[PDB]
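Colleague: build me a model:
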Amino acid sequence: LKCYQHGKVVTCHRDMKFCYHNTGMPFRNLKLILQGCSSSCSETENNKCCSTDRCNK
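Modeller: Numbering: from 1, shown residues only. The structure is reproduced below:
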């Protein structure tokens, strides 16, 4: 029960059960990487969804 929330494999909150690797959101200053966890992820093309610890390498 953990993922990359702050660049460090840590246990998220809000009772997260799925990890997502959002690459959308075109914002400079970063390599388009919006990794975060959520209770109900929305598996999409830009926003994928995982279900394992350390899934979002």
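Colleague: switch to C-alpha atoms for all contacts and neighbour counts from now on
Modeller: Will do.
Colleague: so residue 26: helix, strand or coil?
Modeller: Secondary structure assignment for residue 26 (DSSP: H, G, I helix; E, B strand; the rest coil): coil.
Colleague: ok, for it, nearest residue in space, not its chain neighbours?
Modeller: Nearest residue to residue 26, sequence neighbours excluded (CA to CA, 6 or more residues apart in numbering): residue 32, at 6.4 Å.
Colleague: run a quick neighbour tally on that neighbour.
Modeller: The burial count assigned to residue 32 is 13, neighbours taken as other CA atoms under 10 Å.
Colleague: next up, the contacts around it.
Modeller: 23, 24, 25, 26 (CA atoms under 8 Å, 6 or more residues apart in numbering).
Colleague: now swap in residue 20 and tell me
Modeller: By CA under 8 Å, 6+ apart, residue 20 lies in contact with 35, 36, 37, 38, 41, 43, 47, 48, 49, 50, 56.
Colleague: secondary structure element for the fifth one?
Modeller: Looking back up the chat, that one is residue 41. Using DSSP states H and E, residue 41 maps to neither a helix nor a strand.
Colleague: quick one: it and residue 22 touch, right?
Modeller: No: the pair residue 41 and residue 22 fails to qualify as a contact (CA atoms under 8 Å) at a distance of 10.3 Å.
Colleague: who touches both of the two?
Modeller: residue 48.
Colleague: strands - which of the contacts of residue 20 land there?
Modeller: 35, 36, 37, 38 (DSSP state E).
Colleague: closest one of those residues to residue 5?
Modeller: residue 36 (5.1 Å; CA to CA).
Colleague: grab the nearest non-local neighbour of that closest one.
Modeller: Among residues not flanking residue 36 along the chain, residue 5 sits closest, at 5.1 Å (CA to CA, 6+ apart).
Colleague: so what's the one you found up against?
Modeller: When contacts are counted by CA under 8 Å, 6+ apart, residue 5 is found next to 11, 12, 35, 36, 37.
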